[PDB]
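Okay, here's what each chain looks like letter by letter:
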Amino acid sequence: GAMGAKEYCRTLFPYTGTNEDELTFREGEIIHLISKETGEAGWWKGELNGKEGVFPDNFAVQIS
């Protein structure tokens, strides 16, 4: 459904990843969106800081 054409998002809230596959981010971070479809609706996969993991899309707003 989604098509990663090089999408990017900004975090509106910080989030601490408890899991390793879970991305720990601050607010104001431009994340490189990898996949919106992680198999689950609500979790996006993004790469930030060299880490590509999943996070709930409720913490971010998309830029591109």
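Coordinates for the structure precede this section.
Here's what I pulled together on the structure shown here. (Residues numbered from 1 in each chain as written, not as in the entry; some residues may be left out. Heavy atoms only, no water.)

**Topic: the sheet that holds strand β3 (residues 43–48)**
Strand pairing in a sheet relies on backbone hydrogen bonds, with the paired strands running either antiparallel or parallel. The antiparallel open sheet is built from five strands, whose spatial order is β4-β3-β2-β1-β5. The open sheet has two edge strands, β4 (51–56) and β5 (60–62), and neither has a second partner. The mean inter-strand angle of the sheet, taken between neighbouring strand axes irrespective of direction, is 45°. Alignment of strand β1 (residues 7–11) against strand β2 (residues 30–35), held across four bridges, turns out to be antiparallel. (Pairing = 2+ DSSP bridges. Helix = DSSP H or I, 4+ residues; strand = E, 2+ residues; numbered from the N terminus. Axes fitted to C-alpha atoms, helices over the stretch in contact; angles between N-to-C directions.)

**What about the nonpolar core?**
By size, the foremost hydrophobic cluster in this structure holds 10 residues: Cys9, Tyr15, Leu23, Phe25, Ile31, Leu33, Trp44, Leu48, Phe55 and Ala60. Elements with a minimum of two residues in this core: β2 and β3. Dropping the residues within four chain positions of it, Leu33 is found in contact with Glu7, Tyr8, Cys9, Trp44, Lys45, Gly46 and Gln62. (Core = buried A, V, L, I, M, F, W, Y, C linked by side-chain atoms within 4.5 Å. Buried < 20%, exposed > 50% of the residue type's maximum accessible area, 1.4 Å probe, protein only. Contact = heavy atoms within 4.5 Å.)

**A short note on the pattern of salt bridges**
Summed over all chains, the structure comprises three salt bridges. With a closest N to O distance of 2.7 Å, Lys36 and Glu7 form a salt bridge. Residue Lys36 is found in the loop between β2 and β3, and its partner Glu7 is found in strand β1; the two are separated by 29 residues along the sequence. A residue is classified by how much of its surface remains accessible, and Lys36, at 25% relative accessible area, is partly exposed. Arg10 serves as the salt-bridge partner of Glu27, at 2.7 Å between the closest nitrogen and oxygen. (Salt bridge = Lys/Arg side-chain N within 4 Å of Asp/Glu carboxyl O.)

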